[PDB]
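Engineer:
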Amino acid sequence: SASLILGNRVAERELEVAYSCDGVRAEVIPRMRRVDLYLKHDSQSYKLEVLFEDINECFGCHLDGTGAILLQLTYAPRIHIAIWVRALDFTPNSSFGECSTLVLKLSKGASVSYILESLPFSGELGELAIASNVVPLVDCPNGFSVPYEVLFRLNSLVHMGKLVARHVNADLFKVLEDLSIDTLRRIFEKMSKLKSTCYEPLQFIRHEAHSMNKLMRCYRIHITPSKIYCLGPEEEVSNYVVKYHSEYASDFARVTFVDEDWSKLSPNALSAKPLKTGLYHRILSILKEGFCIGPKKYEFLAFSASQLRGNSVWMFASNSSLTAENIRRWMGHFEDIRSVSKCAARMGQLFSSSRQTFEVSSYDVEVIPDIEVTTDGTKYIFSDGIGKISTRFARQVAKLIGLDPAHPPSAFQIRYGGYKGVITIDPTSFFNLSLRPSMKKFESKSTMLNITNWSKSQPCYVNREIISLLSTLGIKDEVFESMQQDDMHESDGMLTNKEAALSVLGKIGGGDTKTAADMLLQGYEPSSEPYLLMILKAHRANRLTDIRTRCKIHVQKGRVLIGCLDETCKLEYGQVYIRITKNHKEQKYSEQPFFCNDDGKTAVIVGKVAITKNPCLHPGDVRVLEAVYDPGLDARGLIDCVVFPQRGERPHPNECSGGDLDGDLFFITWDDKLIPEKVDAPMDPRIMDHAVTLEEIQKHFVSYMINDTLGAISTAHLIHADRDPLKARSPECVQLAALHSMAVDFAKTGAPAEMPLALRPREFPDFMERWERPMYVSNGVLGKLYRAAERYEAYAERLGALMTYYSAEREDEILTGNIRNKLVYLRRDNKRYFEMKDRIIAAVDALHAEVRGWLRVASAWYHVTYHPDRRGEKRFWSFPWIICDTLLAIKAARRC
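Numbering-wise, the sequence shown is residues 112 to 194, 219 to 267, 276 to 356, 370 to 428, 437 to 848, 854 to 958, 996 to 1061, 1071 to 1111 according to UniProt numbering.
Given below as structure tokens:
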């Protein structure tokens, strides 16, 4: 029967108590590395739970000579309630949010020595106690004035565990009352990396002040059932609004509703005849009322098209000049919209990141009538949005993003006021824009065309869901076995050469390795150490591991071009046009049958093609058309967009799932092997009678957190297609596809149902390290694809900083981006390496940059000056002088 004695530390051994309890029962279980406490508060049976990875230090202290094992924490525990359901910090005065220390007066036959082996370490100290909305926050006492970023950084240091709130009493403010802000930032960053709890802030700040010599700042906050975290102003790709209201950037934020450990909040916690828990009402009250930090009281603003699946909200502290209501009435007009879910979804239209280009006009954007038709009562607008930008406008935009203003793309994924839809390129365009009304959500007055994408020849690669739901028709296995089984164990050569290996690595982007591209253009190396080869092997490990685990495959002759549409009416219901550009494998060895022109680096397509869009389930999504060499479509410089018909009957874009033209992806592949045999049966309510209110929008927001929809379609399709090979002819899967017409992404007519079917099955693929009970024999090619799976001082400092529990022997594991041996070391959460590795790498890189820049300054690497280093084995097998300049200047101009 221990006794919780929470609180803080003000000296190295002086504890200040803030809450006390009795009757606490503790249990430690090595499995999952968990320790839990069973305490009650006068009417219930609560329960805590804290893991082994969330403890910063552990001193086996002594209080009254009867135990008192100290426990400093970095993540608050998880509370429960008896009936177990999650809890909301039962303590009388919000203690668990301010203590961050869990000393327990362990009293038993053995005080601490019985249970200390299951904990990192223990060093006895033996001293005594000293004294007695959102918490914890630190406010600036009167008579002083510091910029808000300074208070934010002080609060972030209090939250992480570097400072104490007791010590900031007008004296830190008297100290830093007059100096620069950047030196303060550097002092904090040097303090941001130390071990724990700098107890002498004045001494530290003075001794460190002795040595006096497009991306906006984004303040983040992490709400949590107990605490509130400040993450410090870092960097962001600002969206339209935040970059518009420039000066008030300190009045913005980015709130996120996370768990104790910074993960998403599972729908199992928000509710469990289901009854709701405390966290539901906690989040609702936080959204409704708000919270204050220093001289700032934040109030709800909106949430993006994203950030609803990402669990985020933008908040704004209303001030004398602007408020959240002024913002929401500057965005658009939402006083006359029903089906509150639409009023919420459309409200977050301008909250998307983009590289703004130009506020053109309201007169230079003409309104050309839509090319519509009517048939059998239902009309087909032939448009979710088309637009017609002149080529000179694509040329203009081409620079603002930094592309080549000679070969602009064929399309752009616009965002413009009330409209939203891809603007295909058209040479027969009168003015810089031509917008037809088919997607205008509100009669806003926004302008300044954003950009979210462009017509880009992406290197198509696919996965297991693609093979299944697109090859239920006619494309069996070798298209998906050969690529991997050949170019996953041959091309990746660290020693042989890189003639076609850097490209096959940079299939996902060639920004990693130039040592290879210049390995033979420049010299190999003045020395002959094998650790260049070992770094190459580390990158090889990265590539093979990621490719294998994600099961990445690819078809050769095809691209991922954006969707397009005809204008000249020279193709009757079934004719398309491609005009794709060439890659190296096409440039060299350019002889294929389906090609038409091959005018240098561009090769038109002739044979039958197939178009679809990735989030498609209803059969007949793929549409077989007859590619042609339309001379007008060629004369109009069309390249990298698939042109669709505009005459006839029920349009082909609507035939895929329901999407005509808004900026969506259309997977194209002219590979005569991956052309379908025939199209599989091309088959042909919520009102509230008043305006909208914020309470309803926030209710819907907190509701989606428990009623996820994409999992429904995903898992039900998994079952009904893979586990039973019927395409769609059973009524179950087609009925599911029908129900997933207004229930796909929860931003619809409105919140239809979490699982309108029976339920979601408790099974997964075979590869979740918890395979419990399998279905019939593992079919598909998934298992078969998974088959065939100053310098010495700096080195000493790196070795010492990395030789904690980290398994890293001499240099291989210490330099690799992970551990070179991993079987079950991460299969629990995979959240056990990345943060620490990134922090240590950033620290050592900044140290290297300092030592190299601030000293003919960096002589031994700028001009060959210090020769006695390239003798092998002078030091151990790892040689220094390798960073930030690998094959850059010496092999450029020192030898030949």
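All C-beta atoms in this analysis are idealised placements derived from N, C-alpha and C, irrespective of residue type, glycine included.
(1) Sorted by chain position, which residues of the same chain lie with C-beta nearer than 7 Å to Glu499's C-beta, five sequence neighbours on each side aside?
(2) What runs of the alpha helix (DSSP H), each 4 residues or longer, lie entirely inside the segment 999–1048?
(3) Between which two residues does the beta strand (DSSP E) harbouring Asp147 extend?
(4) Provide the residue span of the beta strand (DSSP E) that contains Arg787, from first to last.
(5) Quick one: Cα of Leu184 to Cα of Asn167, how far?
(6) So what's residue 1134 in DSSP terms, helix, strand or just coil?
(7) For the beta strand (DSSP E) that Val537 lies in, which residues bound it at each end?
(8) From this set, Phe595, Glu489, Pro533, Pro690, which residue's C-alpha is nearest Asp1084's C-alpha?
(9) Using DSSP with H/G/I as helix, E/B as strand and the rest coil, what is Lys543?
(10) Would the segment 514–522 count as touching the segment 451–464 if we require 3 or more Cβ pairs under 8 Å?
(11) Report the option in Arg296, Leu879, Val128 whose CA atom is closest to the CA atom of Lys305.
(12) For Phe256, collect the residues of the same chain with a Cβ closer than 7 Å to its Cβ; drop the 5 residues on either side in sequence, then sort them by chain order.
(13) Could you pull out every residue in the same chain whose Cβ sits closer than 6 Å to the Cβ of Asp415, ignoring the five residues on either side in sequence?
(14) Going straight from the alpha carbon of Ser288 to that of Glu320, what length do you get?
(15) Counting C-beta neighbours from all protein chains within 10 Å, is the total for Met857 16 or more, i.e. buried, or is it exposed?
(16) For the candidate residues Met603, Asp762, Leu685, whose alpha-carbon lies nearest to that of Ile744?
(17) Quick check on DSSP: helix, strand or coil for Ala799?
(18) Nearest to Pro921 by alpha carbon, out of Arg855, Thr412, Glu755?
(19) How is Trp1076 classed by DSSP in three states: helix, strand or coil?
(20) Over what stretch of residues does the beta strand (DSSP E) that includes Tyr385 continue unbroken?
(21) Using a Cβ-Cβ cut-off of 9 Å, state whether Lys721 counts as contacting chain D.
(22) Give the range of the alpha helix (DSSP H) segment to which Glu901 is assigned.
(23) Using the rule of at least 16 other Cβ atoms within 10 Å of the residue's Cβ for burial, across every protein chain shown, is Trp1092 buried or exposed?
(24) Which residues mark the beginning and the end of the beta strand (DSSP E) in which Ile377 is found?
(25) Taking the alpha carbon of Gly638 as the point to measure from, which residue in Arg329, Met1042, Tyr396, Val843 has its own alpha carbon closest?
(26) I'd like the span of the alpha helix (DSSP H) that includes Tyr396, first residue to last.
(27) Considering only the alpha carbon of each residue, which of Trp1096, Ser154, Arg814, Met355 lies closest to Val1079?
(28) By the three-class DSSP mapping on this structure, what secondary structure does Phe576 have?
(29) Would you check if the segment 729–741 and the segment 998–1006 touch, i.e. whether three or more CB-CB distances between them fall below 8 Å?
(30) Give the secondary structure of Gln560 by DSSP, where H, G and I count as helix, E and B as strand, and everything else as coil.
(31) Determine which residues share a DSSP beta bridge with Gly118 and list them.
(32) Do you know offhand how far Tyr385's Cα is from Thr1010's?
(33) Starting from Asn818, trace the alpha helix (DSSP H) in both directions and tell me its first and last residue.
(34) Give the straight-line distance between the Cα atoms of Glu252 and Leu159, rounded to the nearest whole angstrom.
(35) Going by DSSP, what residue range makes up the alpha helix (DSSP H) through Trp940?
(36) What span of residues does the beta strand (DSSP E) with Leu300 cover, start to end?
Structural biologist: So, from the data block:
(1) Indexing the sequence shown from 1 puts residue 499 at position 335. Around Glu499, the same chain offers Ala860 as residues with beta carbons nearer than 7 Å, after the five sequence neighbours per side are excluded.
(2) 1018–1021
(3) The residue you call residue 147 lines up with position 36 of the sequence shown. Here the beta strand (DSSP E) through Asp147 covers 145–149.
(4) Here residue 787 refers to the residue found at position 623 when the sequence shown is read from its first residue. Taken as a continuous stretch (DSSP letters only), the beta strand (DSSP E) holding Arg787 covers 787–791.
(5) For the purposes of this step, residue 184 is taken as the residue at position 73 of the sequence shown. For the purposes of this step, residue 167 is taken as the residue at position 56 of the sequence shown. Spanning the two alpha carbons is a distance of roughly 6 Å.
(6) Given a span of 112 to 1111 for the chain in the structure shown, any question on residue 1134 remains unanswerable.
(7) What you label residue 537 is simply residue 373 of the sequence shown in a count that begins at 1. Residues 537–539.
(8) Position 869 of the sequence shown, counted from the start, is the residue given in the question as residue 1084. If we check each option's Cα against that of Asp1084, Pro690 comes out closest.
(9) Numbered from its first residue, the sequence shown carries residue 543 at position 379. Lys543 falls in the strand class under three-state DSSP.
(10) Below 8 Å, too few C-beta pairs join the segment 514–522 and the segment 451–464 to call them touching: fewer than three.
(11) Reading the sequence shown from its first residue, position 162 is the one you call residue 305. Of the listed residues, the one whose Cα sits closest to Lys305 is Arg296.
(12) As a working mapping, residue 256 is identified with position 121 in the sequence shown. Closer than 7 Å at the Cβ level, and outside the excluded window around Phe256, lie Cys169.
(13) Start at 1 with the first residue of the sequence shown, and residue 415 comes out as number 259. Same-chain partners within the cutoff: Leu421.
(14) Along the sequence shown, one-based indexing puts residue 288 at 145. Along the sequence shown, one-based indexing puts residue 320 at 177. Taking the straight line joining both Cα atoms gives about 8 Å.
(15) For this step, residue 857 is matched to residue 688 along the sequence shown. Exposed is the call here.
(16) By one-based count along the sequence shown, residue 744 stands at place 580. Nearest C-alpha to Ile744: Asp762.
(17) To locate residue 799, count along the sequence shown from 1; it is residue 635. The answer is helix: DSSP assigns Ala799 an H, G or I state.
(18) Here residue 921 corresponds to residue number 752 of the sequence shown, with the count starting at 1. Residue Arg855 is the option with its Cα nearest to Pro921.
(19) For the purposes of this step, residue 1076 is identified with residue 861 of the sequence shown, where counting begins at 1. In this structure, DSSP gives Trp1076 a helical state, which the three-state scheme calls helix.
(20) Residue mapping note: residue 385 aligns to position 229 of the sequence shown, counting from 1. Looking at the DSSP string, the run of the beta strand (DSSP E) that includes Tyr385 is 384–386.
(21) Annotation note: the requested chain D is absent from the structure, which comprises a single protein chain.
(22) Counting from 1 along the sequence shown, the entry for residue 901 is found at position 732. Unbroken alpha helix (DSSP H) run through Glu901: 900–908.
(23) Position 877 of the sequence shown holds residue 1092. Here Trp1092 is exposed. Its C-beta has fewer than 16 other C-beta atoms within 10 Å.
(24) Reading the sequence shown from its first residue, position 221 is the one you call residue 377. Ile377 -> beta strand (DSSP E) spans 377–379.
(25) Along the sequence shown, read from residue 1 onward, the residue named residue 638 stands at position 474. Checking every option, the nearest Cα to that of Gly638 belongs to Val843.
(26) Counted from its first residue, the sequence shown places residue 396 at position 240. Counting along the chain, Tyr396 sits inside the alpha helix (DSSP H) bounded by residues 396–400.
(27) Position 864 of the sequence shown, counted from the start, is the residue given in the question as residue 1079. Considering only alpha carbons, the answer is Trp1096.
(28) Translated into positions along the sequence shown, residue 576 becomes position 412. Three-state result, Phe576: strand.
(29) Under the Cβ criterion (8 Å, minimum of three pairs), the segment 998–1006 does not count as touching the segment 729–741.
(30) Here the question's residue 560 lines up with position 396 in the sequence shown. In the structure shown, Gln560 sits in a helix (DSSP, three-state: H, G or I).
(31) As a working mapping, residue 118 is identified with position 7 in the sequence shown. Partner(s): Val128.
(32) Translated into positions along the sequence shown, residue 385 becomes position 229. Translated into positions along the sequence shown, residue 1010 becomes position 804. Those two C-alpha atoms are separated by around 27 Å.
(33) What you label residue 818 is simply residue 654 of the sequence shown in a count that begins at 1. Where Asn818 is concerned, the enclosing alpha helix (DSSP H) stretches over 816–820.
(34) Reading the sequence shown from its first residue, position 117 is the one you call residue 252. Reading the sequence shown from its first residue, position 48 is the one you call residue 159. Using only the alpha carbons, I get a separation of about 21 Å.
(35) Taking the first residue of the sequence shown as 1, we reach residue 940 at position 771. First-last for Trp940: undefined, no H or E at that position.
(36) As a working note, residue 300 is residue 157 in the sequence shown. Element bounds for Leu300: not the beta strand (DSSP E) but the alpha helix (DSSP H), 291–303.
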